[PDB]
There are 2 protein chains.
Amino acid sequence: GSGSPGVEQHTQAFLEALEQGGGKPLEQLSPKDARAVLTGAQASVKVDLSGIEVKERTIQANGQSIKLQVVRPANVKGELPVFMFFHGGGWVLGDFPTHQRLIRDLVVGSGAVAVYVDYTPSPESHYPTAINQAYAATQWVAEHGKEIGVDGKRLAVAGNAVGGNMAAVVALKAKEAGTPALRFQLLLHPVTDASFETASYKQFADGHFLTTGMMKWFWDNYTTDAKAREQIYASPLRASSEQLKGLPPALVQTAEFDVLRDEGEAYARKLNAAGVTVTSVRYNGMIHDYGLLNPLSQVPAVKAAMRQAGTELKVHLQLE
Amino acid sequence: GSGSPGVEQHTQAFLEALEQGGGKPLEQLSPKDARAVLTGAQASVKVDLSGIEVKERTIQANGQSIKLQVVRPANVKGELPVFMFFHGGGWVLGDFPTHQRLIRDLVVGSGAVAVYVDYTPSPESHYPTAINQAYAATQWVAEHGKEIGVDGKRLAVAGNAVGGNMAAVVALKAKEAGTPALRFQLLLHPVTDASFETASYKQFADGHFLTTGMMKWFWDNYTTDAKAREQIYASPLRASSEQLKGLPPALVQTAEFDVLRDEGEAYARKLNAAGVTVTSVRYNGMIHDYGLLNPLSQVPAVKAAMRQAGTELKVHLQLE
């Protein structure tokens, strides 16, 4: 009673193992206990984190202190291009160490520096606190890149799930502010709409790791303000073609067996209809967050997806 | 022209590979460039860092801000015993990420929490700044342990090389202050004396990774004050039996092919002569910092040494 026909074999086994593991629904836990689920699960897998050097940095931007983790390809001299990395976890969960293997794969694969932004979790904060932090840090990197060994003029945004939401919305905030210039947005199965009635939402409501109950809980912790949810900085799928016009080139990866699949692909279509350059790719057989979850990190399709994400970062961040 | 007869086979190969790699003597580099040597070398090796959860914490202790990295066994509930971890690197080099694999091995092997203390490097600071930070953080953990999920009443100190110096000296500062109580000191090939005329110093002056030139440079960056060097908080080997009396039980590991071997073993003898409980173990075939260097981390003797260090931590930190 886990998964579906066509789920990739290792992923299916992972889903079945979780089912036998039992446990309360994530959304019935305290934020503290939910956070520990991800922490514990990520830590229980031997993973390759080599080839990077990590350094913390606190910045002052748009009137607040923001913590960064700068992840640089190891043994490389000189200024490097750079991508902001916005972590997923449904706004409630996630942090740098839970996401470090994913970030590492993107850094080693791209040859570019990642700047993880430690945005304030929900429900400790609500919309739009984190995205304002996300944007503030992005502008800071553009202006002050030399201080952390990067070329801030060659700048992308990237994230998984709500992190993909965050990357897409930071690109919109950058358009609104007229700064900074962005080369590329990498959206790994993004949340793009505060609604729950797409065909994929109905089909994969449960049994496929990310449940409908989880997503609704995530959104509720983020903000219960219906008017806020209707804003394009919360639900970018609601943007018009005019509002999307001029956004940077995008790679959108979606997972076949993901409640978020349809809104992610729909967002890619809206970008294309607005004249934005988009590569929209559905990874068949995959579940949500296949790039994040360390138990899936050696699944061949996941390795392929990660090679592509790193390559496309590289391609869009090179010297013109 | 690298190593010696009796150097363990993988270690010998490592030494020979380094020799073919060439490069300037470490002590002819800027501190920034020397630091990058360790960073780059550690990052170029795939290593297992699983089974731990890492969280940063800044504390206020004895009138200053001190950064900690708290490394906890993953998926474990409740208060755990705890060891301070003081990193090596000759006071000039080293930090948390360079030492993370070593710390991880100690944490996973012991079941105890590590508290890495980010002391100020030399020459940015000199003696006794770092050891005062080291001690301040140790007392803080003893008083405030519950805030980071540990039983501060079950507290050890641990470190490699100058970190071993630091652990030994923090135990002496704790005796001097009458607080906190310590269960155990783990000294991995400690620096114990600002002198360079032991038999091991003469025999292994070069060709065995840690050179005499390096040690002298390390000490010079730490402090060129001859009077400072004569203090027991810099050169604990100079302590009298009375001064050593009452120190906590010790495990001292030394490496056979290490300039520091003789002063480390001599310090173990002084502890024993003062009535302190000591286990003093020479790991034959090994070079300095065998537990730190990631290229050596799968050498069987190194794995054995790491199993022992973790076990002895565990044994001394249990409930009485």
# chains A, B, ... in the order shown; residues from 1 in each chain; ligands from 1
call {"tool": "interface_residues", "arguments": {"of": "chain B", "to": "chain A", "cutoff": "9 Å", "atoms": "only C-alpha atoms", "output": "PyMOL selection string"}}
result
chain B and resi 36-37+39-55+74-76+97-98
call {"tool": "write_last_selection", "arguments": {"atoms": "C-alpha atoms", "output": "short mmCIF file (atom, residue, chain, number, x, y, z; two decimals), in the first residue's frame"}}
result
data_model
loop_
_atom_site.label_atom_id
_atom_site.label_comp_id
_atom_site.auth_asym_id
_atom_site.auth_seq_id
_atom_site.Cartn_x
_atom_site.Cartn_y
_atom_site.Cartn_z
CA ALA B 36 44.21 26.40 2.83
CA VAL B 37 46.66 23.46 2.56
CA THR B 39 41.44 22.68 4.09
CA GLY B 40 42.16 21.45 0.56
CA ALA B 41 43.78 18.20 1.66
CA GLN B 42 40.94 17.29 4.02
CA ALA B 43 38.27 18.11 1.42
CA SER B 44 39.75 15.93 -1.30
CA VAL B 45 38.94 12.66 0.45
CA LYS B 46 35.55 10.95 0.48
CA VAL B 47 34.79 10.30 4.18
CA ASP B 48 31.89 8.99 6.29
CA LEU B 49 30.41 11.85 8.38
CA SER B 50 27.09 10.12 9.10
CA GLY B 51 25.57 9.38 12.50
CA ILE B 52 25.95 12.87 13.94
CA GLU B 53 23.96 16.06 14.11
CA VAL B 54 25.86 19.34 14.17
CA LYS B 55 24.63 22.65 15.56
CA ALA B 74 22.15 11.23 15.77
CA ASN B 75 18.74 9.81 16.65
CA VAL B 76 19.39 9.79 20.41
CA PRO B 97 35.39 21.54 9.11
CA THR B 98 39.04 20.38 8.75
#
call {"tool": "calpha_fit_and_write", "arguments": {"fixed": "chain A", "moving": "chain B", "output": "compact mmCIF listing (two decimals) with C-alpha atoms, in the first residue's frame"}}
result
# COMPACT_ATOMS: atom_id res chain seq x y z
CA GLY B 1 0.00 0.00 0.00
CA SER B 2 2.93 2.33 -0.70
CA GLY B 3 3.82 3.99 -4.00
CA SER B 4 2.37 3.18 -7.44
CA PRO B 5 3.12 1.21 -10.61
CA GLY B 6 6.06 2.93 -12.31
CA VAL B 7 7.80 4.22 -9.18
CA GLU B 8 11.53 3.64 -9.68
CA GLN B 9 12.55 0.38 -7.96
CA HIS B 10 14.87 1.74 -5.26
CA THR B 11 12.43 4.58 -4.49
CA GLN B 12 9.58 2.04 -4.18
CA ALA B 13 11.66 0.00 -1.73
CA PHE B 14 12.38 3.18 0.24
CA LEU B 15 8.65 4.00 0.42
CA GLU B 16 7.83 0.46 1.57
CA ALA B 17 10.54 0.57 4.24
CA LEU B 18 9.11 3.85 5.56
CA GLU B 19 5.63 2.32 5.68
CA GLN B 20 6.88 -0.61 7.76
CA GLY B 21 8.63 1.93 9.98
CA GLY B 22 5.28 3.41 10.99
CA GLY B 23 5.20 6.61 13.01
CA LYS B 24 2.80 9.52 13.36
CA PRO B 25 2.03 11.75 10.37
CA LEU B 26 4.67 14.50 10.21
CA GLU B 27 2.01 17.20 10.49
CA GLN B 28 0.85 15.83 13.86
CA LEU B 29 4.28 16.59 15.36
CA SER B 30 5.62 19.73 17.01
CA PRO B 31 7.84 21.77 14.70
CA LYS B 32 10.77 20.73 16.91
CA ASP B 33 9.94 17.03 16.56
CA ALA B 34 9.21 17.33 12.81
CA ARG B 35 12.61 19.01 12.31
CA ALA B 36 14.29 16.12 14.14
CA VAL B 37 12.70 13.58 11.74
CA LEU B 38 14.54 15.12 8.80
CA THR B 39 17.73 15.63 10.83
CA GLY B 40 17.78 12.00 11.98
CA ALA B 41 16.89 10.55 8.58
CA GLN B 42 19.56 12.56 6.76
CA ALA B 43 22.24 11.70 9.34
CA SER B 44 21.70 7.95 9.16
CA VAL B 45 23.08 7.61 5.64
CA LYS B 46 26.76 7.48 4.71
CA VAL B 47 27.20 10.16 2.00
CA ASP B 48 30.05 11.76 0.04
CA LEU B 49 30.50 15.40 1.13
CA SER B 50 34.04 15.80 -0.24
CA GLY B 51 35.26 18.38 -2.75
CA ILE B 52 33.85 21.43 -0.98
CA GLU B 53 34.94 23.91 1.62
CA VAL B 54 32.29 25.39 3.90
CA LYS B 55 32.46 28.70 5.74
CA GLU B 56 29.83 30.58 7.76
CA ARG B 57 29.27 34.32 7.28
CA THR B 58 26.84 36.72 8.98
CA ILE B 59 25.79 39.74 6.94
CA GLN B 60 23.87 42.97 7.54
CA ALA B 61 21.33 43.49 4.78
CA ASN B 62 18.12 45.51 4.51
CA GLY B 63 18.21 46.20 8.23
CA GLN B 64 18.78 42.74 9.66
CA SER B 65 21.45 40.13 10.48
CA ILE B 66 21.37 37.14 8.12
CA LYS B 67 23.44 33.96 8.54
CA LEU B 68 25.01 32.45 5.39
CA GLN B 69 26.85 29.21 4.66
CA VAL B 70 29.27 29.68 1.75
CA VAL B 71 30.05 26.38 0.01
CA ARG B 72 33.01 26.61 -2.37
CA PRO B 73 34.53 24.00 -4.72
CA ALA B 74 37.69 22.84 -2.92
CA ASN B 75 41.20 23.55 -4.16
CA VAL B 76 40.12 26.29 -6.59
CA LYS B 77 41.67 29.76 -6.75
CA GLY B 78 40.09 33.01 -7.85
CA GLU B 79 36.62 34.49 -8.07
CA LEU B 80 33.94 31.97 -8.97
CA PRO B 81 30.36 32.47 -10.14
CA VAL B 82 27.72 31.88 -7.50
CA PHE B 83 24.21 30.58 -6.86
CA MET B 84 21.99 31.36 -3.87
CA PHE B 85 20.60 28.19 -2.33
CA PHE B 86 17.21 28.23 -0.64
CA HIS B 87 16.48 25.04 1.30
CA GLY B 88 13.19 23.17 1.38
CA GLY B 89 11.41 21.54 4.31
CA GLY B 90 7.95 23.07 4.03
CA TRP B 91 9.10 26.33 5.73
CA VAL B 92 8.82 24.46 9.05
CA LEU B 93 11.71 22.01 8.53
CA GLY B 94 15.16 22.04 7.01
CA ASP B 95 18.44 23.88 7.50
CA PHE B 96 21.99 23.72 6.16
CA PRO B 97 23.20 20.36 7.57
CA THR B 98 20.04 18.50 6.45
CA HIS B 99 20.54 19.94 2.95
CA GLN B 100 24.35 19.80 2.85
CA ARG B 101 24.66 16.72 0.62
CA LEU B 102 22.32 18.25 -1.99
CA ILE B 103 24.17 21.57 -1.88
CA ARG B 104 27.49 19.72 -2.15
CA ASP B 105 26.34 17.83 -5.23
CA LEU B 106 25.28 21.10 -6.87
CA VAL B 107 28.56 22.80 -5.99
CA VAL B 108 30.84 19.95 -7.08
CA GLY B 109 28.77 19.42 -10.24
CA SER B 110 28.64 23.09 -11.24
CA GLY B 111 32.07 24.34 -10.16
CA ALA B 112 30.13 27.31 -8.75
CA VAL B 113 29.88 28.62 -5.18
CA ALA B 114 26.64 28.08 -3.23
CA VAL B 115 25.40 30.66 -0.75
CA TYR B 116 22.98 28.99 1.64
CA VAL B 117 20.71 31.54 3.36
CA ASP B 118 19.58 30.63 6.87
CA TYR B 119 16.09 32.16 6.63
CA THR B 120 13.80 32.20 9.66
CA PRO B 121 11.62 29.05 9.89
CA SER B 122 7.85 28.96 10.30
CA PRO B 123 5.84 29.23 12.49
CA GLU B 124 8.51 31.30 14.31
CA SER B 125 8.08 33.68 11.40
CA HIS B 126 5.44 33.93 8.69
CA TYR B 127 5.29 35.18 5.11
CA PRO B 128 6.92 37.32 3.94
CA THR B 129 9.83 37.27 6.42
CA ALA B 130 11.90 34.49 4.85
CA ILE B 131 11.54 35.62 1.24
CA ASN B 132 12.54 39.16 2.25
CA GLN B 133 15.64 37.68 3.93
CA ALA B 134 16.24 35.53 0.85
CA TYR B 135 16.08 38.55 -1.43
CA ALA B 136 18.18 40.77 0.87
CA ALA B 137 20.96 38.16 0.91
CA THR B 138 20.81 37.80 -2.88
CA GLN B 139 21.25 41.56 -3.42
CA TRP B 140 24.07 41.51 -0.84
CA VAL B 141 25.95 38.80 -2.70
CA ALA B 142 25.57 40.77 -5.93
CA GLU B 143 27.09 43.92 -4.32
CA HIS B 144 29.62 42.36 -1.97
CA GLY B 145 30.59 39.13 -3.73
CA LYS B 146 34.34 39.80 -3.60
CA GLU B 147 34.22 39.59 0.19
CA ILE B 148 33.33 35.90 -0.13
CA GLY B 149 35.40 35.09 -3.19
CA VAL B 150 32.65 35.20 -5.81
CA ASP B 151 31.74 37.21 -8.88
CA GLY B 152 28.41 38.69 -7.77
CA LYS B 153 27.69 39.70 -11.36
CA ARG B 154 27.33 36.03 -12.30
CA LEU B 155 24.51 35.07 -9.98
CA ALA B 156 21.80 32.40 -10.00
CA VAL B 157 19.08 31.29 -7.59
CA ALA B 158 18.29 27.69 -6.71
CA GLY B 159 16.18 25.66 -4.31
CA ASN B 160 14.19 22.48 -3.66
CA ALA B 161 10.38 22.50 -2.98
CA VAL B 162 9.54 25.56 -0.81
CA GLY B 163 13.14 26.46 -1.62
CA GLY B 164 12.13 26.36 -5.27
CA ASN B 165 9.20 28.63 -4.38
CA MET B 166 11.74 30.90 -2.70
CA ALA B 167 14.11 30.97 -5.69
CA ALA B 168 11.26 31.76 -8.10
CA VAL B 169 9.94 34.52 -5.83
CA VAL B 170 13.39 36.04 -5.26
CA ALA B 171 13.68 36.29 -9.07
CA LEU B 172 10.34 38.16 -9.04
CA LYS B 173 11.49 40.46 -6.21
CA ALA B 174 14.68 41.15 -8.17
CA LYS B 175 12.61 42.12 -11.21
CA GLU B 176 10.47 44.37 -9.00
CA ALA B 177 13.52 46.09 -7.48
CA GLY B 178 15.39 46.34 -10.78
CA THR B 179 18.32 44.55 -9.10
CA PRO B 180 20.33 42.32 -9.02
CA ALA B 181 20.75 40.82 -12.46
CA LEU B 182 20.28 37.04 -12.43
CA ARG B 183 21.68 34.47 -14.87
CA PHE B 184 19.49 31.52 -14.01
CA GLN B 185 16.82 30.06 -11.72
CA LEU B 186 17.02 26.39 -10.78
CA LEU B 187 13.68 25.14 -9.48
CA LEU B 188 13.71 21.61 -8.09
CA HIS B 189 10.05 20.50 -7.81
CA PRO B 190 8.86 23.92 -6.62
CA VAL B 191 5.81 24.80 -4.61
CA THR B 192 4.10 27.40 -6.81
CA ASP B 193 0.46 27.70 -5.69
CA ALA B 194 -1.45 27.71 -2.40
CA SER B 195 -4.16 25.45 -3.78
CA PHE B 196 -4.60 21.71 -3.58
CA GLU B 197 -6.84 20.61 -6.42
CA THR B 198 -4.44 19.74 -9.27
CA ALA B 199 -4.64 16.24 -10.77
CA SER B 200 -1.30 15.33 -9.19
CA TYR B 201 -2.51 16.56 -5.78
CA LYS B 202 -5.49 14.20 -6.07
CA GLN B 203 -3.53 11.24 -7.37
CA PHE B 204 -0.64 11.33 -4.91
CA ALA B 205 -2.47 12.56 -1.79
CA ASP B 206 -0.75 9.85 0.22
CA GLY B 207 1.66 6.91 0.00
CA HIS B 208 4.29 8.92 -1.89
CA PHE B 209 6.26 10.47 1.00
CA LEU B 210 5.04 14.05 0.58
CA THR B 211 1.33 13.98 1.43
CA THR B 212 -1.48 16.47 0.88
CA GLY B 213 -1.79 16.72 4.68
CA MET B 214 1.85 17.75 4.91
CA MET B 215 1.53 20.45 2.24
CA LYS B 216 -1.54 21.98 3.88
CA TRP B 217 0.20 21.99 7.24
CA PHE B 218 3.30 23.56 5.65
CA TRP B 219 1.23 26.37 4.08
CA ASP B 220 -0.71 26.94 7.30
CA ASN B 221 2.50 27.37 9.29
CA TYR B 222 3.82 29.72 6.60
CA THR B 223 0.68 31.88 6.63
CA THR B 224 -3.06 31.43 7.19
CA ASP B 225 -3.70 34.84 5.60
CA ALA B 226 -5.76 34.04 2.45
CA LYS B 227 -4.93 37.44 0.94
CA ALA B 228 -1.21 36.79 1.46
CA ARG B 229 -1.55 33.40 -0.27
CA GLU B 230 -3.02 35.09 -3.34
CA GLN B 231 0.03 37.35 -3.80
CA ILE B 232 2.49 36.34 -6.52
CA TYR B 233 5.31 36.35 -3.95
CA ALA B 234 3.54 33.46 -2.21
CA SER B 235 1.84 31.77 -5.16
CA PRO B 236 3.91 32.70 -8.23
CA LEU B 237 1.66 30.55 -10.43
CA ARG B 238 -0.90 33.35 -10.04
CA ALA B 239 1.37 35.84 -11.85
CA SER B 240 0.30 37.21 -15.23
CA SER B 241 2.42 36.98 -18.38
CA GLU B 242 3.27 40.64 -17.94
CA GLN B 243 4.41 40.00 -14.37
CA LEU B 244 6.59 37.07 -15.45
CA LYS B 245 8.12 38.84 -18.45
CA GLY B 246 11.89 39.34 -18.28
CA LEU B 247 12.61 36.69 -15.63
CA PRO B 248 15.91 34.79 -15.99
CA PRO B 249 16.24 31.44 -17.83
CA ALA B 250 14.87 28.51 -15.79
CA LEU B 251 15.44 24.82 -15.30
CA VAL B 252 12.39 23.27 -13.67
CA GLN B 253 12.70 19.63 -12.61
CA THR B 254 9.50 17.93 -11.47
CA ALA B 255 8.93 14.42 -10.12
CA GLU B 256 6.33 12.16 -11.73
CA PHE B 257 4.91 10.97 -8.38
CA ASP B 258 4.69 14.31 -6.57
CA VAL B 259 1.55 16.21 -5.54
CA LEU B 260 3.45 19.36 -6.60
CA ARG B 261 4.23 18.04 -10.09
CA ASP B 262 1.35 19.72 -11.90
CA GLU B 263 1.78 23.21 -10.41
CA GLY B 264 5.52 23.03 -11.09
CA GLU B 265 4.98 22.14 -14.74
CA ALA B 266 2.18 24.71 -14.96
CA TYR B 267 4.58 27.39 -13.68
CA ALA B 268 7.10 26.36 -16.34
CA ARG B 269 4.36 26.80 -18.97
CA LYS B 270 3.49 30.28 -17.68
CA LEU B 271 7.14 31.29 -17.86
CA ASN B 272 7.35 30.03 -21.46
CA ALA B 273 4.11 31.81 -22.41
CA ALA B 274 5.62 35.02 -21.03
CA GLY B 275 8.66 34.63 -23.28
CA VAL B 276 11.02 33.45 -20.53
CA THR B 277 13.54 30.77 -21.54
CA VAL B 278 12.58 27.50 -19.83
CA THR B 279 13.76 23.93 -19.73
CA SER B 280 11.04 21.88 -18.09
CA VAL B 281 11.87 18.30 -17.32
CA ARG B 282 9.74 15.62 -15.62
CA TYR B 283 11.77 12.90 -13.91
CA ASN B 284 9.65 9.81 -14.23
CA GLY B 285 9.61 7.23 -11.44
CA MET B 286 10.65 9.83 -8.85
CA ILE B 287 9.01 11.16 -5.68
CA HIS B 288 9.16 14.68 -4.21
CA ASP B 289 12.57 15.88 -2.97
CA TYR B 290 14.46 13.00 -4.65
CA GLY B 291 17.52 15.28 -4.71
CA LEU B 292 17.30 16.05 -0.99
CA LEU B 293 16.66 12.70 0.67
CA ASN B 294 19.97 11.03 1.45
CA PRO B 295 18.56 7.47 1.23
CA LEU B 296 17.87 8.18 -2.47
CA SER B 297 21.13 9.95 -3.26
CA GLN B 298 22.69 6.96 -5.06
CA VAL B 299 19.59 6.06 -7.11
CA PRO B 300 20.85 6.28 -10.73
CA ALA B 301 18.02 8.57 -11.98
CA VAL B 302 18.69 10.85 -9.00
CA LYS B 303 22.39 10.99 -9.86
CA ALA B 304 21.40 11.86 -13.44
CA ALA B 305 19.08 14.64 -12.25
CA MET B 306 21.86 16.00 -10.03
CA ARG B 307 24.38 15.90 -12.90
CA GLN B 308 21.92 17.89 -15.00
CA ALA B 309 21.21 20.46 -12.28
CA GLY B 310 24.94 21.05 -11.77
CA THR B 311 25.67 21.22 -15.49
CA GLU B 312 22.88 23.70 -16.18
CA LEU B 313 24.10 25.91 -13.32
CA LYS B 314 27.60 25.77 -14.86
CA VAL B 315 26.39 26.53 -18.38
CA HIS B 316 24.46 29.62 -17.29
CA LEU B 317 27.13 31.01 -14.94
CA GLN B 318 30.09 31.06 -17.31
CA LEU B 319 31.91 34.16 -18.53
CA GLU B 320 30.08 35.79 -21.44
call {"tool": "select_by_dssp", "arguments": {"residues": "stretch 74-121 of chain A", "states": "helix (DSSP H, G or I)", "output": "PyMOL selection string"}}
result
chain A and resi 96-110
call {"tool": "write_last_selection", "arguments": {"atoms": "N, CA, C and O atoms", "output": "PDB file, in the first residue's frame"}}
result
ATOM      1  N   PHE A  96      20.804  24.046   6.948  1.00  0.00           N
ATOM      2  CA  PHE A  96      21.990  23.719   6.161  1.00  0.00           C
ATOM      3  C   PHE A  96      22.432  22.242   6.285  1.00  0.00           C
ATOM      4  O   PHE A  96      22.570  21.569   5.262  1.00  0.00           O
ATOM      5  N   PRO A  97      22.681  21.738   7.515  1.00  0.00           N
ATOM      6  CA  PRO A  97      23.205  20.364   7.567  1.00  0.00           C
ATOM      7  C   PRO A  97      22.265  19.320   6.934  1.00  0.00           C
ATOM      8  O   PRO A  97      22.769  18.406   6.280  1.00  0.00           O
ATOM      9  N   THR A  98      20.947  19.448   7.096  1.00  0.00           N
ATOM     10  CA  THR A  98      20.037  18.496   6.446  1.00  0.00           C
ATOM     11  C   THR A  98      20.168  18.554   4.920  1.00  0.00           C
ATOM     12  O   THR A  98      19.971  17.550   4.232  1.00  0.00           O
ATOM     13  N   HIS A  99      20.477  19.737   4.395  1.00  0.00           N
ATOM     14  CA  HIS A  99      20.538  19.943   2.951  1.00  0.00           C
ATOM     15  C   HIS A  99      21.970  19.913   2.401  1.00  0.00           C
ATOM     16  O   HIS A  99      22.179  20.132   1.213  1.00  0.00           O
ATOM     17  N   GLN A 100      22.951  19.629   3.253  1.00  0.00           N
ATOM     18  CA  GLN A 100      24.346  19.803   2.848  1.00  0.00           C
ATOM     19  C   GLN A 100      24.764  18.873   1.709  1.00  0.00           C
ATOM     20  O   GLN A 100      25.534  19.276   0.841  1.00  0.00           O
ATOM     21  N   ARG A 101      24.257  17.643   1.691  1.00  0.00           N
ATOM     22  CA  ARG A 101      24.661  16.724   0.621  1.00  0.00           C
ATOM     23  C   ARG A 101      24.150  17.216  -0.745  1.00  0.00           C
ATOM     24  O   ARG A 101      24.867  17.177  -1.744  1.00  0.00           O
ATOM     25  N   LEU A 102      22.901  17.676  -0.777  1.00  0.00           N
ATOM     26  CA  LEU A 102      22.319  18.250  -1.988  1.00  0.00           C
ATOM     27  C   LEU A 102      23.127  19.458  -2.461  1.00  0.00           C
ATOM     28  O   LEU A 102      23.487  19.560  -3.638  1.00  0.00           O
ATOM     29  N   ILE A 103      23.406  20.374  -1.540  1.00  0.00           N
ATOM     30  CA  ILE A 103      24.169  21.568  -1.875  1.00  0.00           C
ATOM     31  C   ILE A 103      25.551  21.174  -2.415  1.00  0.00           C
ATOM     32  O   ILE A 103      26.015  21.705  -3.432  1.00  0.00           O
ATOM     33  N   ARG A 104      26.172  20.207  -1.758  1.00  0.00           N
ATOM     34  CA  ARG A 104      27.493  19.720  -2.154  1.00  0.00           C
ATOM     35  C   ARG A 104      27.473  19.181  -3.572  1.00  0.00           C
ATOM     36  O   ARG A 104      28.367  19.470  -4.370  1.00  0.00           O
ATOM     37  N   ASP A 105      26.454  18.389  -3.890  1.00  0.00           N
ATOM     38  CA  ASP A 105      26.337  17.835  -5.235  1.00  0.00           C
ATOM     39  C   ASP A 105      26.201  18.933  -6.282  1.00  0.00           C
ATOM     40  O   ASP A 105      26.759  18.834  -7.375  1.00  0.00           O
ATOM     41  N   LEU A 106      25.457  19.979  -5.949  1.00  0.00           N
ATOM     42  CA  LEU A 106      25.277  21.101  -6.875  1.00  0.00           C
ATOM     43  C   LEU A 106      26.577  21.887  -7.054  1.00  0.00           C
ATOM     44  O   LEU A 106      26.921  22.303  -8.168  1.00  0.00           O
ATOM     45  N   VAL A 107      27.302  22.075  -5.958  1.00  0.00           N
ATOM     46  CA  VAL A 107      28.564  22.800  -5.990  1.00  0.00           C
ATOM     47  C   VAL A 107      29.631  22.017  -6.753  1.00  0.00           C
ATOM     48  O   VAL A 107      30.265  22.547  -7.669  1.00  0.00           O
ATOM     49  N   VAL A 108      29.818  20.749  -6.400  1.00  0.00           N
ATOM     50  CA  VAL A 108      30.839  19.953  -7.076  1.00  0.00           C
ATOM     51  C   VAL A 108      30.482  19.801  -8.561  1.00  0.00           C
ATOM     52  O   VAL A 108      31.350  19.886  -9.419  1.00  0.00           O
ATOM     53  N   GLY A 109      29.199  19.612  -8.864  1.00  0.00           N
ATOM     54  CA  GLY A 109      28.773  19.421 -10.240  1.00  0.00           C
ATOM     55  C   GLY A 109      28.829  20.677 -11.104  1.00  0.00           C
ATOM     56  O   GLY A 109      28.991  20.599 -12.318  1.00  0.00           O
ATOM     57  N   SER A 110      28.702  21.843 -10.487  1.00  0.00           N
ATOM     58  CA  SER A 110      28.640  23.090 -11.239  1.00  0.00           C
ATOM     59  C   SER A 110      29.991  23.813 -11.301  1.00  0.00           C
ATOM     60  O   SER A 110      30.245  24.591 -12.223  1.00  0.00           O
TER      61      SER A 110
END
call {"tool": "select_by_dssp", "arguments": {"residues": "stretch 178-238 of chain B", "states": "strand (DSSP E or B)", "output": "MDAnalysis selection string"}}
result
chainID B and resid 184:188
call {"tool": "write_last_selection", "arguments": {"atoms": "N, CA and C atoms", "output": "CSV table (one decimal), in the first residue's frame"}}
result
chain,number,residue,atom,x,y,z
B,184,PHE,N,37.9,12.9,32.6
B,184,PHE,CA,38.8,12.3,31.6
B,184,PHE,C,39.5,13.3,30.7
B,185,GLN,N,40.8,13.1,30.4
B,185,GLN,CA,41.5,13.9,29.4
B,185,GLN,C,42.0,12.9,28.3
B,186,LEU,N,41.6,13.2,27.1
B,186,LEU,CA,42.1,12.4,25.9
B,186,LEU,C,43.1,13.2,25.1
B,187,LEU,N,44.4,12.8,25.2
B,187,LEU,CA,45.4,13.5,24.6
B,187,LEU,C,46.0,12.7,23.4
B,188,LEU,N,45.6,13.2,22.2
B,188,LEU,CA,46.1,12.5,21.0
B,188,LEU,C,47.4,13.2,20.5
call {"tool": "decode", "arguments": {"residues": "stretch 120-127 of chain B", "atoms": "N, CA, C and O atoms", "output": "mmCIF file, in the first residue's frame"}}
result
data_model
loop_
_atom_site.group_PDB
_atom_site.id
_atom_site.type_symbol
_atom_site.label_atom_id
_atom_site.label_comp_id
_atom_site.auth_asym_id
_atom_site.auth_seq_id
_atom_site.Cartn_x
_atom_site.Cartn_y
_atom_site.Cartn_z
ATOM 1 N N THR B 120 40.552 31.472 19.056
ATOM 2 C CA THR B 120 41.194 32.394 18.125
ATOM 3 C C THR B 120 42.568 31.870 17.680
ATOM 4 O O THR B 120 43.418 31.530 18.515
ATOM 5 N N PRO B 121 42.788 31.803 16.358
ATOM 6 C CA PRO B 121 44.051 31.292 15.812
ATOM 7 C C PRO B 121 45.236 32.200 16.128
ATOM 8 O O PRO B 121 45.046 33.363 16.502
ATOM 9 N N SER B 122 46.444 31.672 15.969
ATOM 10 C CA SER B 122 47.647 32.495 15.950
ATOM 11 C C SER B 122 48.064 32.687 14.482
ATOM 12 O O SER B 122 47.764 31.839 13.647
ATOM 13 N N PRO B 123 48.750 33.797 14.157
ATOM 14 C CA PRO B 123 49.233 34.856 15.049
ATOM 15 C C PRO B 123 48.216 35.949 15.349
ATOM 16 O O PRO B 123 48.591 36.914 16.018
ATOM 17 N N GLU B 124 46.972 35.812 14.884
ATOM 18 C CA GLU B 124 45.931 36.799 15.187
ATOM 19 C C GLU B 124 45.829 37.022 16.695
ATOM 20 O O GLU B 124 45.677 38.153 17.163
ATOM 21 N N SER B 125 45.939 35.936 17.452
ATOM 22 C CA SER B 125 46.102 36.033 18.892
ATOM 23 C C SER B 125 47.338 35.242 19.300
ATOM 24 O O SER B 125 47.867 34.441 18.517
ATOM 25 N N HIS B 126 47.795 35.481 20.523
ATOM 26 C CA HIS B 126 48.908 34.745 21.095
ATOM 27 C C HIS B 126 48.486 34.143 22.425
ATOM 28 O O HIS B 126 47.441 34.506 22.968
ATOM 29 N N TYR B 127 49.298 33.220 22.932
ATOM 30 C CA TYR B 127 49.179 32.745 24.307
ATOM 31 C C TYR B 127 48.987 33.941 25.233
ATOM 32 O O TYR B 127 49.727 34.918 25.116
#
